[PDB]
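A lone chain, given as structure tokens: the form deposited in one PDB entry.
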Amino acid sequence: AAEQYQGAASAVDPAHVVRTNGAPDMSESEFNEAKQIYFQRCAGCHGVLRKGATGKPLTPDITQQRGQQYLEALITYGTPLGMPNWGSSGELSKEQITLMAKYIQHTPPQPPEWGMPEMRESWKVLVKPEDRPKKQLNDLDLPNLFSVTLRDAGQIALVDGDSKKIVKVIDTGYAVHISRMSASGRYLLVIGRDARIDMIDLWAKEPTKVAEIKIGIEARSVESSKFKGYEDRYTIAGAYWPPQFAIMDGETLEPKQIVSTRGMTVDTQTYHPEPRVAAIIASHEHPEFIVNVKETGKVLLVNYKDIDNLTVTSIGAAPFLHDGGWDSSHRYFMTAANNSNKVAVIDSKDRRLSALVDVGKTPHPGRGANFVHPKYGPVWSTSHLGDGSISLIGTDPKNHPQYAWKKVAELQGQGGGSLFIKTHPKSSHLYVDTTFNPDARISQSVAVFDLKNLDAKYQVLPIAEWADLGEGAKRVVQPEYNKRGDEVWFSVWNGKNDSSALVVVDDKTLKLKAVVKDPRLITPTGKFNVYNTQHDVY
């Protein structure tokens, strides 16, 4: 009966369902050799399913159309639009480039999914809530503590701000991307690019891990609920693969909900198989999380008032959403759609897109830099990877409606390859790095502007040279203030077999203050001051 009920023909026409191949035959060792190169060298931009970069996707319909020789030449010489040259540079051999061309003509191999069973299997409560201290069992000045990422070591070091000494090094997931604080200021949350999250109790005799869990195969962001009456309630994390985000117990990390970001794009409104989750930021206006979904250019407002029945408001922005942060008032999310060269303004109160501001080539603000301009009122700034400009955008609809969501002015730095711009309420300086600048000297130093005289050109602080480290690229990255706002820290991100350091500068004088060296300080990248991260002070 039920077999006759569901027994008619599918409305889908067999003639339009296509079998995939006609690709160059390659053995198992040849396919694995190419596959290994693809995730080590290509995937980052192009993605798992090869639809992550601008331009045409590397799926068999397009690649077989181009042909073996077209592909080999394209991989060999690259393009001026963001596709590196692998043959000319001499990175890959002609035998490898040949394998790569044949490889992308085959259906993309499939990485495993990662749901609730996998999540729970990896979930570990190391110290039960009840077995945790009721008070701070140490003498540490937690607010002024710095959570520094020792990238290649798969660890993080807690550095005491005033003493400049490493208080504790902790094993974490590989290459931790960011550190975030719980609203109470007690727990420290870190997540590795391997999607493994680690919750750390700063009140323990020695700050230690109390729980851990893996939320995907690849990830970048984590965050805690910051709405009033929700301290340490929920923790969210966004993954690159699978395309999803997960919500967990903010006290134990127990997985509760998992949502897929696979969907329709904002621009063409077509289906995208891999919309990776970028930045995530907690709302202060409503009990919701603001999630950035890259490839589809959507900003989702995930309400956690009722975790059992999840309500999500999908706001369209612009393609390629990445990093971003609050305006001075903590109401408007200033996030960059890098490859679209725009900054999306999300109103967290009224819950809508306030504007799409045209900025420079490939905006990369991190969380951005907020400061009051002598003429244009309160602005939010961002530097770029594509060029040497710095965009100042008005963020005061109330008192400065004429300058709101407008690129009010522009500043010029040392050049492109910039990654982070920084300032502080108590500071009158504006720092900007240039980490990926092709020039060694430029990439090994930072620019500083005088907020009291913006017409004047920037000064150049020789960070890497001050560290006195010897050989290596010595790339300087991310300025970060201490709780007081009179010290600015920088990482001298050198190789793993080289010597790296953390340089500190007296903000009041712009003079070298201290240098943090230690054999354990391996490949330091992101630094997050506890109080400043927790209270979004930027």
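What we label the rigid core is the largest C-alpha set whose atoms superpose within 1.5 Å from one form to the other. Throughout, we count residues from 1 along the sequence that is shown.
Although not depicted, the form deposited in another entry is the subject of the following passage.
> After the core is superposed, which of these residues, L150, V408, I97, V345, moves its CA 2 Å or more between this form and the one not shown?
Among the listed residues, the one whose C-alpha moves by 2 Å or more is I97.
> Could you check, with the core superposed, whether the Cα atom of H106 shifts 2 Å or more between this form and the one not shown?
Comparing the forms between this form and the one not shown, which are aligned on their rigid core, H106 does shift its C-alpha by 2 Å or more.
> With both forms fit on the core, has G394 moved 2 Å or more by CA between this form and the one not shown?
It does not, since the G394 C-alpha is displaced less than 2 Å between this form and the one not shown after the core fit.
> For a quick test of reading the superposition: does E33 move by 2 Å or more at the CA between this form and the one not shown, rigid core aligned?
Result for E33: yes, a 2 Å-plus shift.
> Since the Cα separation of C45 and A153 moves by 3 Å or more in that other deposited form, tell me which way: closer or farther than here.
Relative to this form, closer in that other deposited form.
> Knowing the Cα distance between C45 and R220 changes 3 Å or more in that other deposited form, does it shrink or grow relative to here?
The answer is closer, because the C-alphas of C45 and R220 approach each other in that other deposited form by 3 Å or more.
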